[PDB]
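Student: Structure incoming, see below.
Number of protein chains: 2
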Amino acid sequence: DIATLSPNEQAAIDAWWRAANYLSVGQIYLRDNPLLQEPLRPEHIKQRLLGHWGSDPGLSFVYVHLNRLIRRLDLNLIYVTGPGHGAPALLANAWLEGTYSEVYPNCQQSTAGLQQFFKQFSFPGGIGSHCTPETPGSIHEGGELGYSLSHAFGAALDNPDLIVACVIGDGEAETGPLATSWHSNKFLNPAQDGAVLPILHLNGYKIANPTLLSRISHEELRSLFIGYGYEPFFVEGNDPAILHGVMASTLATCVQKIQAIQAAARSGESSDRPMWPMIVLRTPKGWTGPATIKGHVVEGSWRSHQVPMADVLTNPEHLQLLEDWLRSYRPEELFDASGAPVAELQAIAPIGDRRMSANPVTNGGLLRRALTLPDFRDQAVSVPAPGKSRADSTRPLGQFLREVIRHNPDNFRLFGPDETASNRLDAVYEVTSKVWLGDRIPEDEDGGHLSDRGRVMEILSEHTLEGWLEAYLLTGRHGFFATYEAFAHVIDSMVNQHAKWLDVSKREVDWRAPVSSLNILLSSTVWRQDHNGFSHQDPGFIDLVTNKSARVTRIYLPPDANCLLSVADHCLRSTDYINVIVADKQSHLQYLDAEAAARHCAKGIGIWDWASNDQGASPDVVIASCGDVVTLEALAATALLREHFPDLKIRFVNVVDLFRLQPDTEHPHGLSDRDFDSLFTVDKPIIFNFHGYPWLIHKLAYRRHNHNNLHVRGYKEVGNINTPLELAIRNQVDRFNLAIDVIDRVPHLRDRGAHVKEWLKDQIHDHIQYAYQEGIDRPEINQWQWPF
Amino acid sequence: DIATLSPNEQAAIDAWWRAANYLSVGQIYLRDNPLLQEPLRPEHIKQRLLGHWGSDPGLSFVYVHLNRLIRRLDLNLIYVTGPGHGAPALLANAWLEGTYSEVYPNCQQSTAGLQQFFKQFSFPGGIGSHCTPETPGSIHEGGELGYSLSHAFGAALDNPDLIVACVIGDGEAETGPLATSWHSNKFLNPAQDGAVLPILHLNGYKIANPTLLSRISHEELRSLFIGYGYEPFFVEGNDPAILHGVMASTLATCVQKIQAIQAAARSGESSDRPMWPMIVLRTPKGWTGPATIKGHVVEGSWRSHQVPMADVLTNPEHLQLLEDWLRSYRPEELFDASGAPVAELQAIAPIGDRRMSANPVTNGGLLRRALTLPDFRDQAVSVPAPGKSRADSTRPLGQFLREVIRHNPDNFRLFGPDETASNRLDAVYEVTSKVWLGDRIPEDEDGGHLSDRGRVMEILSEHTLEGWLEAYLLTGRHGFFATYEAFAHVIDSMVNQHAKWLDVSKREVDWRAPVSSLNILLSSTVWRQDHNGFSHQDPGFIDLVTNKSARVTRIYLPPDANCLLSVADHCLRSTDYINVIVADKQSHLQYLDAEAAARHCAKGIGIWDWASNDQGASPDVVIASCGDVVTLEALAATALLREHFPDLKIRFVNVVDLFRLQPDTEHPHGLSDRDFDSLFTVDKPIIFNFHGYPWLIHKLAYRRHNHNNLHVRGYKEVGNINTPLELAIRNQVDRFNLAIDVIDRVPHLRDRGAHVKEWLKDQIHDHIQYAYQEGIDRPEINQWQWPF
Ligand SMILES: Cc1ncc(C[n+]2csc(CCOP(=O)(O)OP(=O)(O)O)c2C)c(N)n1
Ligand SMILES: Cc1ncc(C[n+]2csc(CCOP(=O)(O)OP(=O)(O)O)c2C)c(N)n1
Ligand SMILES: [Mg+2]
Ligand SMILES: [Mg+2]
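Read top to bottom, the protein sequences are chains B and A.
Here the authors' numbering is used: the first residue of the first sequence is 9, the next is one more, and so on.
Here the authors' numbering is used: the first residue of the second sequence is 9, the next is one more, and so on.
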């Protein structure tokens, strides 16, 4: 009889819901006198009110009913919260369960604890107004709307017994990212993955406008969610006495369907995509607060958002209304004399680790197991001569990722936006295929690698693809994101949200265990100009992640395949960083051996001895490169200069870890002044080729002593369509432009390099003319290799 | 008998479709011998193949059938293209119509012209592989997928007789932005707006993966689009003989419904939201190219994306197959001896301006009419004393925008992501309300401002909101975007796409008339930290738009309301810029009179005489500010310094136009070296308060002579929750931190300013302690005003 509830246990559910609402109101308003033992006075109210109330009753209404199902059916849920500004509702229920008392002993379950509990919310030196990392049992910050549903599916990607209850605000459902995330049920395998129970909180209003989904007809709303692949169940009303029975019955039915779906799939008798149940709530906005305030409707309206009454200190009448509002929950029968919840409320709280706020899944770092990585030197290419052998850069990486999948069959996934094949990572398909969970045709088997049990996630929407990965990591698993650099601006907002989550969890919150790292691989960079991607690519994503501190983000630009393996191997072991790896899929030169590449990545930046002209003497110029396309151009320029000026001494420096340039004061990761002055001399000119905007190097190396002698070339603009070398000429990162820049900077070459500079300009013109006539570069340009 | 088509006219339609397909293949592959008069040889094939073929037959199939309806029903369409990489299909049909010959006389309709026509595509010194601005009759670039449907609705926002046929690739429909854009039919008013006929090109595959929408059941697909508010019609098959009849019948029926919908709405007898017709195409991908190539299925598969055969010069067998492919269209009966389309094809082309490629709507600058702007000096606040009066900053702007709406009732709209009321722009509601076109309840009137004829567009999603505006501008109308700075990262990718469109159209394309400017207003900046927005706001959007050159983007940071009006007035007259206006909604000080604000905006950066300490003497320090919150702190610091050091001489410089700092060499807009050295002295230290990342100032003013003496304070990081003054202290942009920095930099104060520096530090500590105890700043901090 799970569907029906006894009248007495409905009272306990109702009492819990009132208590949660009372604590929600207290946090927003009160600063002292939590239990209204003495009459409310203006010194008890917070001066600045920033909390949100409109969505709080709805979140608490769902939370109390989910707790009922946990006690009876012994489930485990995590309750990903969409609105995010309904943080008071989550904290209030966590406090009642006892989770908040355990995590924060200061906010004890007593009258003194309540005063501290109310005081801290939305207060300086206290918790924030959203679901920040300080919130127990929270994986989604919720401040930026649209990513709640994708996070729900990410947390359920490999937890077969987990059920994720994601509450979505209708205002959030208008956003782009969330509209696609509904389709993510077609990538969820019932046999080996958990279930997501999305609940659409259709209160009917945003801050100031009716929501789109509330104002479409009931038939259209039902048809919309059937099209998404769900089976919608509607819970509508405004009377708690009726809604308690309806909500309990509907939730019980939905969970039975979810268990029925999983049981059939795991038995192997029904391997077909099911209609996942879904719940729609039509509760009024703020449907327990004041009805009218200033002659306007406040309950179930857009005015219920955040604070119904902002002016309470000034207006004594409003303060009386606020006091009447608190009394409406009848706190005298909810808390005992000491200030703790009465025995009635304690009896219906989940016990121990079953509590949604205390679920270990939310604090995923506790469940994180280190990846069993194979030795990457077994996939490294062979380079008997550096700079003379040619091989495909991403083929070794695909093989390495294939091995990682084999040895980590449950806690590793590969995320790629329909470009894993385009990125030349087909080696991963030799063991596992892409997960589809949809209908299949015979032509798919020949062409594509599709199966229900697939460790590679593919969908064009990079918003939901990024959402899956972030939730996957915060749950304690590992993953690798491989995409194009042209489309990195799409996930720009999501990376910022994840970046601030890691930063806060690392420093401010001490009970948050370290989660795995967010590894992003960007291929097909701006310079090659592949067939895919728009004409005007942009390396601006590298700039936007540098705004985040070096304590949370790392950027790597490996020059060849072996260095890519070392970077990939190292970054699969890190914990609390956003690693951005900029590689290129085209067949390039190979410079570093397996052992040499490993040492190079350990230093992050080093001098290439085979390319450097003279050791044991002071260099005349330091030529540095960061990317891998620009690395070839820098080497080609070095070959030209050494051929035309035999006595010129050149030191070649290649930098892989971009944040090594920052001084040691900014971060312990950066190079010290002595170490930096050793690589880049204190007085000789530095010619720096860089994949990306040339100014990013100036920002990092601004505090250095020799910054005034640093000359950076890099991406400026791209024409409509160009050959690989013509594009380099336009941005002046070409081999000839690099050689010309060296001649200008070196003092003793200004008079002696006049003849060579003229010849170099002729080469620039000659190659451009050939490009226009033939559309391709000369054969000796594509087949260039280190001559010394 | 529009539905049925005569057998003879079906032959003409088929002949046109074959001709369009033949030209599509020629552009991708051929470089000479366009009509295959001589046998195909490897010297005729392009060396590098970058064109896309998979989507080309589908686009041409729709295009030829739309042209049939234009001739018969005298419609006018624009054919917004979603795939974008199907550029060859658009150019081929433009060539056949004659539009391409007229716009580009070099590519004449002859054998010589065809050779030039094929040669230029995807070739250096030629057109690109996407729908760049060079493409006749194109408003959407299509390179970044997901924005096609929003652009279709933007183009029809005020053209009552226009019908927009938007073709959407199924892979694009997976993206987040496009999933929301389906709901934009609920903001389109049938009475006064055009219609959008979205066509879903469901070929079943992307580059390497089956598409999500193709693999859901037919019933789910139908239910999904009924939920979006459309009435889906399915056109399925692979035999052109049958599809020609079915496609013609379906298109004719859909247009009759669209005309029936508009006629009923304009008659006033049915003011209800209708079910807009929509079409789903299930044609195979590349369903006229080769069937098998290397033992794999190539037609109607993911291998048909871009080029079916990449190795043609190397493999003689593939070249044979390519030659057989071209012959399959039978070019001998499509082009005459001279190389022009036969009289049969010419007879079915639309005449003159009815051609979709020649429609003036696509080249919106031709239809652009200047906005009738009222004198902004009638909405200006009064400031008898600068820096002493306090007034709301956005209230005058809302009144000004209300006047603009009244005098421009047809070609001006205001776009706001459900924050116009929160942004304190309710003055606009005094004349026109928000457009809803959905069901309404009585509570809606009493509170919100909703009506079918509304000039304010409000949807929570910012991808579709930005998409509407960009299409609105490119169609020749005007608009104003008002949003929060915290959510500017969402429209990050869309702005870059619009930025490159304006840049290419301004320089490369000469027949593109100048469209109106994209005016973006960012309110509720990071410093105030209002209730809305996540805790960790970011001013990074300002940095990203600076990566674009100053020739396409402008950034303004007005300090008060009157300067905000002048900036808004000026930027409503500009044409080809992306104007970013960073204001703040909170009640601030007012510094500039209506006349003074006008002069200040004309110069872009000037010396405030009332705040400057001593004229006629060399300043000891130049204090500069950019934003408006930091402007108050800079003024407060000046008041402290002038109070404690009477003999200190301070020059106060306020900069509104950010790009004025760039040297005149970078752009003619920037200040000359003499002008810059006049404002900021050549040798005295400069203390620069900046709203945003402090390094952006260094990037702009790097080439200046006095850059080494420039010290920028700005946004660094934000705590979980802070008061307005505590946040400034953390970032050291506070008045006390500013005063301390001045004491350090000024050489003759480092000894005399020891006592004052200690007192300033005490003030910092004292205010922080009060904030922690009370949660609010001291009254004398909020009520500060210029004392001199
Ligand atoms: C993309 C985006 N647009 C706007 C906002 C501003 N915002 C913060 S909370 C909120 C309300 C969202 O409404 P809904 O999801 O219905 O929430 P509820 O009514 O349950 O509070 C809005 C618009 C945002 N955070 N992100
Ligand atoms: C957001 C985004 N993801 C991925 C890409 C890369 N891309 C460009 S075209 C394409 C194929 C998808 O095209 P589809 O919509 O299926 O069109 P059709 O071939 O049916 O015309 C892809 C993945 C992109 N440009 N933008
Ligand atoms: Mg809501
Ligand atoms: Mg497709």
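Ideal placement from N, C-alpha and C gives every residue a C-beta, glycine not left out.
Pairs of beta-carbons, one from the segment 180-194 of chain A and one from the segment 464-471 of chain A, closer than 8 Å: are there three or more?
Tutor: The segment 180-194 of chain A, when compared against the segment 464-471 of chain A, does touch it at the 8 Å Cβ threshold.
Student: I want to know whether the segment 561-581 of chain B touches the segment 339-350 of chain B - three or more CB-CB distances under 8 Å.
Tutor: Cβ pair count under 8 Å is below three, so no.
Student: In whole angstroms, give me the CA-to-CA distance for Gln200 (chain A) and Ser68 (chain A).
Tutor: Here residue 200 (chain A) refers to the residue found at position 192 of the second sequence. Here residue 68 (chain A) refers to the residue found at position 60 of the second sequence. Distance between the alpha carbons of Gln200 (chain A) and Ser68 (chain A) is about 31 Å.
Student: What number of angstroms, rounded off, separates the C-alpha of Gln270 (chain A) from the C-alpha of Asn29 (chain B)?
Tutor: Along the second sequence, one-based indexing puts residue 270 (chain A) at 262. Along the first sequence, one-based indexing puts residue 29 (chain B) at 21. Distance between the alpha carbons of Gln270 (chain A) and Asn29 (chain B): 49 Å.
Student: Is the beta carbon of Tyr585 (chain B) within less than 7 Å of some heavy atom of ligand 1?
Tutor: Locating residue 585 (chain B) in the first sequence gives position 577, counting from the first residue. No; taking the cut-off as 7 Å, the Cβ of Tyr585 (chain B) has no heavy atom of ligand 1 nearer than that.
Student: Relative to chain A, which residues along the segment 688-718 of chain B have a C-beta separation below 8 Å, given in chain order?
Tutor: Here the close residues are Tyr701, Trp703, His706, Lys707 and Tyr710.
Student: How many angstroms separate the CA atom of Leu473 (chain A) from the CA atom of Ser158 (chain A)?
Tutor: On the second sequence, residue 473 (chain A) is found 465 positions in, with the first residue counted as 1. On the second sequence, residue 158 (chain A) is found 150 positions in, with the first residue counted as 1. Near 8 Å, if we compare the C-alpha coordinates of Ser158 (chain A) and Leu473 (chain A).
Student: Taking only heavy atoms of ligand 3 into account, decide whether any of them is closer than 7 Å to the Cβ of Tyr213 (chain B).
Tutor: For this step, residue 213 (chain B) is matched to residue 205 along the first sequence. Correct: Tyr213 (chain B) has its Cβ closer than 7 Å to ligand 3.
Student: Along chain B, which residues have their Cβ under 8 Å away from the Cβ of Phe489 (chain A)?
Tutor: For the purposes of this step, residue 489 (chain A) is taken as the residue at position 481 of the second sequence. The contacting residues do not exist; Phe489 (chain A) stays about 16 Å from chain B at best.
Student: Could you have a look at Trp284 (chain A) and say whether DSSP puts it in helix, strand or coil?
Tutor: Within the second sequence, numbered from 1, the residue matching residue 284 (chain A) stands at position 276. If DSSP states are grouped into helix, strand and coil, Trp284 (chain A) belongs with the strands.
Student: For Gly150 (chain B) versus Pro91 (chain B), is the C-beta spacing smaller than 8 Å?
Tutor: Walking along the first sequence from the start, residue 150 (chain B) turns up at place 142. Walking along the first sequence from the start, residue 91 (chain B) turns up at place 83. Yes; because the gap between Cβ atoms is below 8 Å, this pair is in contact.
Student: Could you work out which residues of chain A lie near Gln314 (chain B), taking near to mean beta carbons separated by less than 7 Å?
Tutor: Here residue 314 (chain B) is taken as the residue at index 306 of the first sequence, counted from 1. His539, listed in chain order.
Student: Counting only beta-carbon separations shorter than 8 Å, does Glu105 (chain A) have a partner in chain B?
Tutor: Here residue 105 (chain A) refers to the residue found at position 97 when the second sequence is read from its first residue. It does not: the Cβ of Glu105 (chain A) has no partner Cβ on chain B nearer than 8 Å.
Student: Is it right to say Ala318 (chain B) is buried, meaning 16 or more other beta carbons lie within 10 angstroms of its own, or is it exposed?
Tutor: Against the first sequence, residue 318 (chain B) aligns to sequence position 310. By the neighbour-count rule (16 or more Cβ atoms within 10 Å), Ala318 (chain B) is not buried but exposed.
Student: Name, going along the chain, the residues of the segment 183-207 of chain B whose beta-carbon falls closer than 7 Å to a beta-carbon of chain A.
Tutor: Residues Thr183, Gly184, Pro185, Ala187, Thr188, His191 and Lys194.
Student: Near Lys293 (chain B), which residues of its chain fall below 6 Å by C-beta distance, leaving aside the five closest residues on each side in sequence?
Tutor: Position 285 of the first sequence, counted from the first residue, corresponds to residue 293 (chain B). Same-chain partners within the cutoff: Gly62, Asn211, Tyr213, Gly308 and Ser312.
Student: Mind listing which residues of the segment 33-57 of chain B have their C-beta closer than 7 Å to chain A's C-betas, in chain order?
Tutor: Under the 7 Å Cβ criterion, the segment 33-57 of chain B contributes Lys54, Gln55 and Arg56.
Student: Buried or exposed: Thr561 (chain B), going by 16 or more other Cβ atoms within 10 Å of its Cβ?
Tutor: Numbered from 1 along the first sequence, position 553 holds the residue referred to as residue 561 (chain B). When all chains shown are included, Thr561 (chain B) counts as buried.
Student: If you draw a straight line from the alpha carbon of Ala355 (chain A) to that of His539 (chain B), how long is it in whole angstroms?
Tutor: Stepping through the second sequence from its first residue, residue 355 (chain A) is reached at position 347. Stepping through the first sequence from its first residue, residue 539 (chain B) is reached at position 531. For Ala355 (chain A) and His539 (chain B), the distance between alpha carbons rounds to 36 Å.
Student: Go through its chain and collect everything with a Cβ distance to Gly614 (chain B)'s Cβ below 6 Å, but skip five positions before and after it.
Tutor: Locating residue 614 (chain B) in the first sequence gives position 606, counting from the first residue. Excluding residues within five positions, the ones whose Cβ falls inside 6 Å are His608.
Student: Do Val72 (chain A) and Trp24 (chain A) have their C-beta atoms closer together than 8 Å?
Tutor: On the second sequence, position 64 is the one that residue 72 (chain A) refers to. On the second sequence, position 16 is the one that residue 24 (chain A) refers to. In this structure, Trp24 (chain A) lies closer than 8 Å to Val72 (chain A) by Cβ.
Student: What did DSSP end up calling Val305 (chain A) once you bin it into helix, strand or coil?
Tutor: For the purposes of this step, residue 305 (chain A) is taken as residue 297 along the second sequence, with counting starting at 1. Looking at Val305 (chain A) - three-state DSSP - the assignment turns out to be strand.
Student: On the three-state DSSP scale, how would you describe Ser574 (chain A)?
Tutor: Taking the second sequence and counting its residues from 1, one reaches residue 574 (chain A) at position 566. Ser574 (chain A) falls in the helix class under three-state DSSP.
Student: In whole angstroms, what separates the C-alpha of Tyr710 (chain A) from that of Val630 (chain B)?
Tutor: The residue you call residue 710 (chain A) lines up with position 702 of the second sequence. The residue you call residue 630 (chain B) lines up with position 622 of the first sequence. Answer to the nearest angstrom: the Cα atoms are 23 Å apart.
Student: Curious, which full-length alpha helix (DSSP H) runs of at least 4 residues does the segment 338-404 of chain B contain?
Tutor: You should have 351-354.
Student: So, at 7 Å on beta carbons, what are the nonlocal neighbours of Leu687 (chain A) in its own chain, with the 5 sequence-adjacent residues on each side left out?
Tutor: Taking the first residue of the second sequence as position 1, residue 687 (chain A) is located at position 679. These residues qualify, in order along the chain: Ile613, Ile615 and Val661.
Student: What separation, rounded to the nearest whole angstrom, lies between the Cα atoms of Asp742 (chain B) and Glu641 (chain B)?
Tutor: Within the first sequence, the letter at position 734 stands for residue 742 (chain B). Within the first sequence, the letter at position 633 stands for residue 641 (chain B). In a straight line, the C-alpha of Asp742 (chain B) is about 6 Å away from that of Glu641 (chain B).
Student: Quick check on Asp655 (chain A): buried or exposed, where buried means 16 or more other Cβ atoms within 10 Å of its Cβ?
Tutor: Within the second sequence, residue 655 (chain A) is the residue found at index 647, counting from 1. Answer is exposed; the Cβ neighbour count stays below 16.
Student: Which whole runs of the alpha helix (DSSP H) in the segment 208-239 of chain A are 4 residues long or more, in chain order?
Tutor: Those alpha helix (DSSP H) runs which fall completely within the segment 208-239 of chain A and span 4+ residues are 226-235.
Student: Helix, strand or coil: which one does DSSP assign to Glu331 (chain A)?
Tutor: Your numbering for residue 331 (chain A) matches position 323 in the second sequence. Correct three-state label for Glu331 (chain A): helix.
Student: Give the interface partners of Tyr780 (chain B) over in chain A, defined as CB-CB distance under 8 Å, in chain order.
Tutor: For this step, residue 780 (chain B) is matched to residue 772 along the first sequence. Correct list: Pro132 and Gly133.
Student: Can you tell me whether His326 (chain A) is buried or exposed, with buried defined as 16 or more other CB within 10 angstroms of its CB?
Tutor: Here residue 326 (chain A) is taken as the residue at index 318 of the second sequence, counted from 1. Classification of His326 (chain A): buried, given that the 10 Å Cβ count is 16 or more.
Student: What does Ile467 (chain A) touch in chain B if you count any residue whose Cβ is under 8 Å from its own?
Tutor: Residue numbering aside, residue 467 (chain A) sits at position 459 when the second sequence is read from its first letter. By Cβ distance, chain B contributes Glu182 and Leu220.
Student: For the segment 444-457 of chain A, which residues have a beta carbon sitting closer than 9 Å to at least one beta carbon of chain B?
Tutor: The segment 444-457 of chain A vs chain B, Cβ under 9 Å: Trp444, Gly446, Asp447, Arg448, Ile449, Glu451, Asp452, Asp454, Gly455 and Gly456.
Student: Quick check: the Cα distance between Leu170 (chain A) and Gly484 (chain A), rounded to an integer number of angstroms?
Tutor: Reading the second sequence from its first residue, position 162 is the one you call residue 170 (chain A). Reading the second sequence from its first residue, position 476 is the one you call residue 484 (chain A). Whole-angstrom Cα-Cα distance: 14 Å.
Student: Quick check on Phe796 (chain B) - is its C-beta less than 8 Å from some C-beta in chain A?
Tutor: Position 788 of the first sequence holds residue 796 (chain B). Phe796 (chain B) does not count as touching chain A.
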